[PDB]
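Okay, structure first, notes after.
Every heavy atom of this structure was used, including side-chain atoms; hydrogens, water molecules and symmetry mates were not. Both ligands and their constituent atoms are indexed starting at 1 by order of listing. We number each residue from 1, following the sequence as shown.
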Amino acid sequence: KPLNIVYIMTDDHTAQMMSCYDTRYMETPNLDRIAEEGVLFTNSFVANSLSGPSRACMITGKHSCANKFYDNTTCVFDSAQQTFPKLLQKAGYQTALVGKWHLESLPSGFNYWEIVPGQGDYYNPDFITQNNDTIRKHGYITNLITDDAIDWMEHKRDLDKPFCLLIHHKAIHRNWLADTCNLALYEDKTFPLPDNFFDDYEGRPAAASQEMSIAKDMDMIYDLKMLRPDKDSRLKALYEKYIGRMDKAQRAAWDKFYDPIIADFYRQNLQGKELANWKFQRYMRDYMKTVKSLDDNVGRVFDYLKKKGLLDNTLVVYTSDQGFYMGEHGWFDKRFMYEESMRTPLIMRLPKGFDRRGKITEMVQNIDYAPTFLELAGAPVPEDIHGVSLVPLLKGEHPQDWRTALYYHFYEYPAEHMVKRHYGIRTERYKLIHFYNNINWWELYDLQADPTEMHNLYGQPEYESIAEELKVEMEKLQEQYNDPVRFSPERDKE
Ligand SMILES: CC(=O)N[C@@H]1[C@@H](O)[C@H](O)[C@@H](COS(=O)(=O)O)O[C@H]1O
Ligand SMILES: [Ca+2]
């Protein structure tokens with residue numbers, strides 16, 4: 001029969017926290033086994049570095065300007081539009097979705113779905129059944145999503161149709177609540193700060209004006225768990241709501257671990273660089289405790305597929321809705337076109353008939369997933385899709401007409417973290433960014449000389465011709481993808 005697809009996508013995972021990409025921080029042996037028996041994309045990006053927009057780009061193969069899902073705060077996905085799950089059903093597939101959806105409208109084009117409301121919760125999450133009833137799933141969401149994915153494959157799947165299963169995790173979303181079994185891990189880990197952790201944002205006004213600084217914005221109580229009745233913070237009430245979901249046993253285990261860390265913190269006088277360093281270590285540790293459950297649960301899926309003899313005829317994909325700042329530029333979160341958040345990890349275990357192993361370097365984006373899946377399914381690829389099937393790359397081809405540039409557009413401002421709206425072009429060599437709301441500011445980076453984007457070159461006479469050439473190339477992409485911002489900054493959402 002046609003190939004199956006198992007697509008696993010996390011929330012705010014990132015290459016820096018996957019050992020197949022980066023060995024500074026975290027071991028991810030189960031994620032690494034997907035890449036090891038397949039390929040890893042070294043130049044993998046998103047079109048709009050935010051969860052809902054990324055999820056709309058994923059299912060449509062289109063930039064936000066065409067799918068109309070611009071942000072997490074003002075949009076409801078019009079599910080009448082073309083999506084790859086519906087096209088796969090029309091090609092004889094069954095389709096299934098578990099976990100985070102984050103498109104506001106109910107999933108369509110799925111034979112089975114069971115999702116969280118909005119962002120979901122780590123402990124004792126509510127879910128929404130396919131009848132739009134709310135149910136309680138007691139336990140820890142990374143385990144529960146996996147349980148339901150495997151239950152669907154084992155007991156619900158029609159054995160007479162090929163399938164596409166989407167497994168959409170809440171891990172590793174803020175505020176990084178570990179499962180009971182992992183509470184104690186990584187306390188023996190202390191990391192060097194990133195070289196640009198104390199970035200002064202010279203030449204970069206949108207970098208200066210964000211509210212996603214570990215030092216300044218990360219919340220001692222909500223993010224770093226330092227709750228005590230005599231302490232207050234902006235997000236203390238939200239913190240108490242989220243850990244308030246825990247039952248007595250879950251909270252007792254939580255407190256057994258955190259109570260000593262709380263006591264040790266409040267005994268100290270910490271400020272400035274010493275406090276920023278303390279916050280970074282706690283952030284990294286809690287993030288990594290949260291990754292551990294995710295890696296183990298991806299292992300469960302991998303081991304199940306292997307035992308059932310499904311891997312030979314199944315593409316296994318692992319990615320994140322976007323990358324994430326692990327202290328680069330002093331940040332957490334995403335949103336910017338800057339490299340760490342424009343990038344997203346992408347690894348695939350390749351089925352029988354694809355011998356390629358190792359690294360793929362051609363520039364790929366989340367708008368490419370839909371046409372890839374349709375081609376692998378033997379389904380027609382509609383011309384209105386913006387992305388390009390990656391199947392030639394999986395086959396070891398280097399197409400002469402492969403793209404030389406990617407487009408990007410981020411829209412969610414004013415909003416949480418206060419990242420200005422911006423669009424831009426990224427080539428193999430350069431990135432040109434236009435921040436357009438609520439400032440008018442261009443930036444140019446030489447990604448070869450300056451891969452950490454510390455030196456805005458825009459306005460230097462020796463880069464005038466490069467900047468003008470990139471504007472011409474970017475306008476051609478805006479024409480290709482029909483982004484009306486090319487006409488006026490006020491026409492960014494038409
Ligand atoms: C207080 C709090 O947790 N705020 C987070 C933000 O840091 C995050 O930026 C936003 C969007 O993330 S997204 O859904 O991954 O795009 O989700 C909120 O839940
Ligand atoms: Ca996310």
Side-chain angles (χ1 to χ4, degrees), residues 8-17 44-58 64 69-77 99-104 115-123 125 141-142 145 166-177 210-214 216-225 227 233-243 245 279 283 286-287 290-291 294 318-327 330-338 340-346 366 409-420:
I8 307 173
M9 181 168 69
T10 47
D11 182 343
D12 300 340
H13 204 196
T14 198
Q16 301 97 290
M17 280 280 171
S44 162
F45 300 88
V46 299
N48 181 346
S49 186
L50 197 68
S51 170
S54 175
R55 292 159 194 281
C57 291
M58 166 193 160
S64 307
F69 199 96
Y70 297 107
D71 64 32
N72 290 326
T73 49
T74 74
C75 297
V76 173
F77 186 78
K100 187 179 172 181
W101 183 232
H102 209 205
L103 288 171
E104 296 279 0
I115 62 167
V116 293
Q119 297 286 23
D121 281 297
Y122 278 108
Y123 277 87
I141 194 177
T142 306
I145 288 174
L166 312 181
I167 305 177
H168 285 185
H169 278 283
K170 176 174 186 73
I172 340 298
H173 194 88
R174 186 176 185 196
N175 57 335
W176 313 297
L177 301 177
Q210 49 53 51
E211 296 175 3
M212 57 197 255
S213 160
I214 292 170
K216 198 182 318 153
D217 303 295
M218 184 167 282
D219 190 289
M220 293 306 309
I221 297 177
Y222 172 82
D223 292 306
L224 302 180
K225 318 308 196 298
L227 176 64
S233 74
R234 179 172 67 85
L235 292 175
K236 176 174 173 183
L238 190 63
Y239 185 62
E240 295 172 317
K241 182 181 181 189
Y242 291 172
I243 69 164
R245 300 187 72 81
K279 292 179 74 177
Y283 163 51
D286 283 6
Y287 185 104
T290 305
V291 176
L294 179 279
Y318 177 80
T319 189
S320 182
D321 55 3
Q322 10 65 195
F324 211 67
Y325 292 101
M326 309 313 301
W331 297 333
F332 66 104
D333 209 67
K334 51 268 181 184
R335 301 170 182 276
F336 283 111
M337 194 181 171
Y338 301 129
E340 292 80 1
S341 52
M342 192 187 163
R343 287 176 176 275
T344 197
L346 182 65
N366 59 340
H409 195 161
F410 173 79
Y411 297 81
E412 196 177 66
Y413 183 88
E416 191 175 19
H417 299 301
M418 295 294 280
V419 174
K420 307 307 193 190

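Protein heavy atom at the shortest distance from atom 4 (N) of ligand 1 is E416 OE2, 2.9 Å. Ranking the protein heavy atoms by distance from atom 8 (C) of ligand 1 puts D333 OD1, 3.4 Å first. Distance from atom 3 (O) of ligand 1 to its nearest protein heavy atom, with residue and atom name: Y222 OH, 2.6 Å. Of all protein heavy atoms, the one lying nearest to atom 11 (C) of ligand 1 is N72 ND2, 3.5 Å. What sits closest to atom 13 (S) of ligand 1 on the protein, heavy atoms only, is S51 CB, 3.3 Å. Counting only heavy atoms of the protein, atom 19 (O) of ligand 1 lies nearest to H173 NE2, 3.2 Å.
Taking CG of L177 as the start and CZ of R245 as the end, the distance is 11.0 Å to the nearest 0.5 Å.
Between the choices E412, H417, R234, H102, the shortest heavy-atom distance to atom 6 (C) of ligand 1 belongs to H417. The residue among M218, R335, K170, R174 with a heavy atom at the shortest distance from atom 10 (C) of ligand 1 is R335.
The residue from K334, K100, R335 that alone fulfils the salt bridge (charged side-chain N to carboxylate O under 4.0 Å, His left out) condition with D12 is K334. With respect to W176, the ring-ring contact (aromatic ring centres under 6.0 Å, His included) criterion is satisfied by exactly one of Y283, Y222, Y242: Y283. Of the residues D321, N72, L166, the one that meets the side chain to side chain contact (heavy atoms under 4.5 Å, CB included) test with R55 is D321.
Residues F410 and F336 have side chains not in contact (no heavy-atom distance under 4.5 Å, counting atoms from C-beta outward). Here the side chains of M337 and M342 are in contact, with some heavy-atom distance below 4.5 Å.
For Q119 and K170, the side-chain atoms include no donor-acceptor pair closer than 3.5 Å. A donor atom on one side chain and an acceptor atom on the other are not found under 3.5 Å apart for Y325 and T14.
The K334 neighbourhood of ligand 1 comprises atoms 8 (C), 9 (O), 11 (C), 12 (O), 13 (S), 15 (O), 16 (O), with distances under 4.0 Å to a heavy atom of that residue. Under a 4.0 Å criterion applied to the non-hydrogen atoms of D11, ligand 1 contributes the atoms 15 (O). Those atoms of ligand 1 with a heavy atom of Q119 less than 4.0 angstrom away are 14 (O), 17 (O), 19 (O).
In this structure, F77 has its ring center no closer than 6.0 Å to that of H102.
Neither the backbone nor the side chain of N175 has any atom closer than 4.0 Å to an atom of ligand 1 (non-hydrogen atoms only). In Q322, the part holding a heavy atom less than 4.0 Å from any atom of ligand 1 is the side chain. At a heavy-atom cutoff of 4.0 Å, ligand 1 is contacted by the side chain of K100 but not by its backbone.
Shortest non-hydrogen contact noted between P345 and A15 is CD-N, 4.0 Å.
Residues that satisfy the salt bridge (charged side-chain N to carboxylate O under 4.0 Å, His left out) test with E340, not counting sequence neighbours, are absent from this structure. In this structure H409 satisfies the side chain to side chain donor-acceptor pair (under 3.5 Å) test together with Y411, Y436, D483, sequence neighbours excluded. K225 meets the side chain to side chain donor-acceptor pair (under 3.5 Å) test with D286; sequence neighbours excluded.
Of all protein N/O/S atoms, those lying under 3.0 Å from the Ca ion (ligand 2) come to 5.
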